[PDB]
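For neighbour counting, all protein chains shown are included, and Cβ atoms are generated from backbone atoms with ideal geometry for every residue, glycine included. Just so it is clear, none of the values below were taken in a lab; they were calculated from the coordinates.
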Amino acid sequence: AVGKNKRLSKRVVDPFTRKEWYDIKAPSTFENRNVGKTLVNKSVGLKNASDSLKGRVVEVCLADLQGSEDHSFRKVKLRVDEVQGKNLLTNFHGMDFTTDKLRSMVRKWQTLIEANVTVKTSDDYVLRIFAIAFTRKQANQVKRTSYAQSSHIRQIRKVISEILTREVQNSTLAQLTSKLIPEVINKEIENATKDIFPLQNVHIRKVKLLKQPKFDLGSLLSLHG
Amino acid sequence: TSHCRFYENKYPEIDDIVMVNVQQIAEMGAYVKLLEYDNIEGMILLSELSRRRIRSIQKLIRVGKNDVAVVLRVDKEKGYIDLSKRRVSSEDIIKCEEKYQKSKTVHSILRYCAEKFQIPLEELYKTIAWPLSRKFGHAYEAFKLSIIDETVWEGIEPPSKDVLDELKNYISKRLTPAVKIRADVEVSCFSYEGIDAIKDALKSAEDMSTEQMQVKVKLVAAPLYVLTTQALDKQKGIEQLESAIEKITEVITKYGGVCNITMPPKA
Amino acid sequence: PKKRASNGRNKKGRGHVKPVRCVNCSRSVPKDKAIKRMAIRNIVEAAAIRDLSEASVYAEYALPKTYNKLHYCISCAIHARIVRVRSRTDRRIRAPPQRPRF
Amino acid sequence: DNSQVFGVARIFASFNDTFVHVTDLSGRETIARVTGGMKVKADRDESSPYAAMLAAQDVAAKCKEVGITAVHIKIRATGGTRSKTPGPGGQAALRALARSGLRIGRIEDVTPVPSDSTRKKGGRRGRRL
Amino acid sequence: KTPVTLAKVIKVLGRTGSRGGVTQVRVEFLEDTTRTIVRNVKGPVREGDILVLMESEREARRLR
RNA sequence: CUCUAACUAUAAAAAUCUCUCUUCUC
Ligand SMILES: [Mg+2]
Ligand SMILES: [Mg+2]
Ligand SMILES: [Mg+2]
Ligand SMILES: [Mg+2]
Ligand SMILES: [Zn+2]
């Protein structure tokens, strides 16, 4: 479609000659620590690239970090903070679900319960965590709906909120992520609300992040290798 | 005979705006002679003909006349062109008409030369056309320069001196163009004697009428005095009339009267 | 006269519901007179399942689906073939059209 | 891993002029942006499957020249308040991307879906046609 | 290049088009006979013909 | 007398019309 009224209001090169590849190194809380490669402009004395990498947020499937496929529908965002030269080191930045699974579990004829909590971890990191649960049809329910009363929903939200506050205030996102990978918090939340309501598909989705204290060098290098 | 495209290649280029003379129409589309380039036909698709919805083929095609066009795809093994007419902007057609007019003037001049000399137009283009286009970028601009500055034909080998001589004769006879630089001065004099001052300013202005640029003070009304010059270079007349303005102001200020500027020297 | 004892709305005890927009023509129509269709499909059709399977790492990918509930208007629903005019003795039936496939 | 250099395909298919725009894992680095309208004449068959096919072939050639051998599909509809249903071209774009040697991993749909926000364009009675 | 390929029809999927003069078939390549396309034909065909295609990524879409 | 699976997807333009209406009983 050449049509262009040239309302502009050759010195051409190949930008790929002045570029190269860095390597993404995952935290030791994950198994497959070799994530991938990132394309970067060549280093310049006036404008060093190492400044340019830091702040990058790579988005990788969780199953790509642990080899299994039980974590297929999760997703983790890593933050580039420290570059060792031809290889850079990444810290945890956030967590999320895949929209496919989320829409797969958000089905009709059952009430979804959302618990939202903003807390501070063991260190100065400040997190926001969303938990989503779905009422479960009993294994004997001839009634075809599986709705939950507002009182049950409020009780469930209270329980999930207190559980998340407990499990965040008692550990750091190193330990918190090492806890998120085997999704033991989901099982604990489901067990704590077994008496209130069945609560199928108790999941923790979109673990956000809002603050970072200064840099936290020593643990960052300790988190790798 | 009419052949030998103006531009660099007989076959066209990619995305080059072209310039069509339609000959006939088939069911698929219009096969159209290309006049910007040498002779080779282009295919204008029916679905890519009209800006508006297609309703009357012959109303828009106008078999036997010239129009604007744009090339989309080219074939560089045997010769085929895909063309469009819908996708022409409002402003591009103007540059298309001017390019057509200048290229057609050059074509007519050199076809006249070839018909007089009975040598194929391609050979005359070999000796005249594209070395000139390499030197100046446009054969018509170089023709205008040769009208003014004859160093244009230096460094090029013509088939014969007669070719260049008769080309110069034709270009001087047909491509003959001097811009009328006109200004208006308001004499607001109220002093005792101004007719003598007006005559002195007249003489001061008219004495500087050079051999090629004759500046004349024409008289129409009492306040409005016209200053006329034939600027051949268009960059000297304005200074001539500015000097005339300085002279008339110098003459008028000391006598007692005043003068005002109404229209400065402009093309 | 009453063409529909339910008035087509399916409201019966609310007075007012919050309207939703049409996916095609963006008609501000009440959420119950907004005939809904849950399009659940594969992100890659059966026409490219073999091609994707042959040319994909992660052997036996789950091939995730795509889910979208479409909120049509009613004029589009008649025109975009979603819903069809019916016999006045067939308007009685509210069951979906008999399980497209078993 | 056998050193499959990865990118994200990140197809964007509206109801006109689908987009194929491959980037690295970070996404801050953009390469081979060539679109659907990049390669068709009719100004409206930009959404046609053939436009997306040609765009996909071009990006596949460019990235294969680059060094990236496998891509991650991120299908995006027009999103927002609009129809947010995938465009006709993006499907053929994905098929052609999977055709040209490139390996495929982690197809995702990343369309922006709102929480019933920012009242839709068209007026109360909408587009009348 | 000249990527002319052949494709033998294995089944004919009725006749389509506003004119009603074009047909739709399922073609399978002379090579790799497990790889098939759906393609539009403009002319009389039956089970056994060998169409010539300048494309292979194209798939037939019902003409309206 | 025993069961919950498959899927898509077009909207060009088209205004108007004058007479004159006539029984059903074995
Ligand atoms: Mg009625
Ligand atoms: Mg209804
Ligand atoms: Mg009431
Ligand atoms: Mg209508
Ligand atoms: Zn509608």
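The order of the peptides B:53-63, B:145-155 by mean Cβ neighbours within 10 Å, most packed first, is B:145-155, B:53-63.
Note on chain D: GNM, Cα springs under 10 Å; of D:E46, D:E108, D:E29, the largest mean-square fluctuation is that of D:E29.
The alpha carbon centroids of region C:61-80 and region B:12-32 are separated by 45 Å.
Loop-resident chymotrypsin sites (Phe, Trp or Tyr not before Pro) (DSSP state other than H, G, I, E or B) in region A:51-132 with no more than 14 further Cβ atoms inside 10 Å of their Cβ: A:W109.
About its Cα centre, what dipole magnitude does chain A give when the only charges are +1 on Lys and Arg Cβ and -1 on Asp and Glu Cβ, stated in debye to the nearest 20?
Numbers: 41 positive and 23 negative charges, 270 e Å.
Dipole about the Cα centre, nearest 20: 1300 debye.
Cross-link partners of D:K64 among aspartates and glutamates, defined as those whose alpha carbon lies under 18 angstrom from its own and excluding same-chain residues fewer than eight positions apart: A:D14, A:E20, D:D24, D:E29.
What you get for region A:36-156, charging only the Cβ of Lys and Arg (+1) and of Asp and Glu (-1), is a dipole of about 580 debye around the Cα centre. Computed about the Cα centre, the dipole magnitude for the protein assembly as shown is approximately 7560 debye when only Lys and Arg (+1) and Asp and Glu (-1) carry charge, each at its Cβ. Computed over every Cα-Cα pair of region B:16-91 and binned at 10 Å starting from 0, the pair-distance distribution P(r) comes out as 19, 58, 21, 2 percent.
Can you give the Kirkwood hydrodynamic radius of region B:92-172 from its Cα pairs, in Å with one decimal?
The Cα-based Kirkwood calculation yields 13.1 Å.
Using C-alpha pairs under 8 Å with a sequence gap of at least 6, the mean separation divided by the residue count of chain C gives a relative contact order of 27 percent. Pairs of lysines in chain C whose Cα atoms sit within less than 22 Å of one another amount to 24, provided the residues are eight or more positions apart or on different chains. In this structure, the residue pairs whose Cα-Cα separation is over 28 Å, taken from A:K19/A:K211; B:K135/B:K161; A:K6/B:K99; B:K116/B:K180, are A:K19/A:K211; B:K116/B:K180.
One Cα centroid belongs to region D:43-122, the other to region E:1-54; the line between them spans 28 Å.
Using C-alpha pairs below 8 Å separated by at least 6 residues, the relative contact order for chain E is 40 percent. Take every Cα pair under 8 Å whose residues are at least 6 apart in sequence, average their separation, divide by the length of region D:3-129, and the relative contact order is 28 percent. Among the listed pairs A:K101/A:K187; A:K10/B:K10; B:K102/D:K41; B:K95/B:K236, those with a Cα-Cα distance over 22 Å are A:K10/B:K10; B:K102/D:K41; B:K95/B:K236. Peptide A:52-64 is shielded by partner chain Cβ atoms: per residue, an average of 3 of them sit within 10 Å of its Cβ. Ordering A:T135, B:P177, D:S83 by Cα displacement along the dipole of the protein assembly as shown toward the positive end leaves A:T135 in first place; charges were set at the Cβ atoms of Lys, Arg (+1) and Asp, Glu (-1).
What is region A:66-137 by shape, rounded, prolate or oblate, if you read a ≥ b ≥ c off the alpha carbon gyration tensor as root eigenvalues and call it rounded for a/c under 1.5, prolate for a/b larger than b/c, and oblate otherwise? Note, shape of region A:66-137 comes out oblate.
Can you show me the helix-derived [θ] at 222 nm for chain B, built from DSSP H runs with n ≥ 4 at -39,500 (n - 2.57) apiece and divided by the number of residues, rounded to the nearest 500.
-11500 deg cm²/dmol
Here the Gaussian network model covers chain D, with springs between Cα atoms less than 10 Å apart; of D:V110, D:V22, D:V71, D:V110 fluctuates the most.
3J(HN,Hα) along region B:41-56: 5, x, 9, 9, 5, 5, 5, 10, 8, 10, 4, 6, 5, 6, 10, 9 Hz, from the Karplus curve 6.51 cos²θ - 1.76 cosθ + 1.60 with θ = phi - 60°, whole Hz, x for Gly and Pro. With a cut-off of 15 Å between beta carbons, the residues surrounding A:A115 carry a summed charge of +3, where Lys and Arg count +1 and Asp and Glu -1. With the highest mean first, a sort of the peptides B:228-236, B:158-166, A:113-121 on other beta-carbon atoms found within 10 angstrom per residue produces A:113-121, B:228-236, B:158-166.
Considering only C:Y72, C:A59, C:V44, and ranking their Cα positions along the charge dipole of chain C that arises from unit charges at the beta-carbon of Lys, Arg, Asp and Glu, the one farthest toward the positive end is C:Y72.
Comparing Cα centroids, region A:110-128 and region B:132-159 end up 81 angstrom apart. Each helix, a run of at least 4 DSSP H residues, gives -39500 (n - 2.57); summed and divided by the residues of chain D, these come to -7500 deg cm²/dmol at 222 nm. Each of A:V13, A:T38, A:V58 was placed along the dipole of region A:1-65 (beta-carbon charges, centred on the mean Cα), and the one lying farthest toward the positive end is A:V13.
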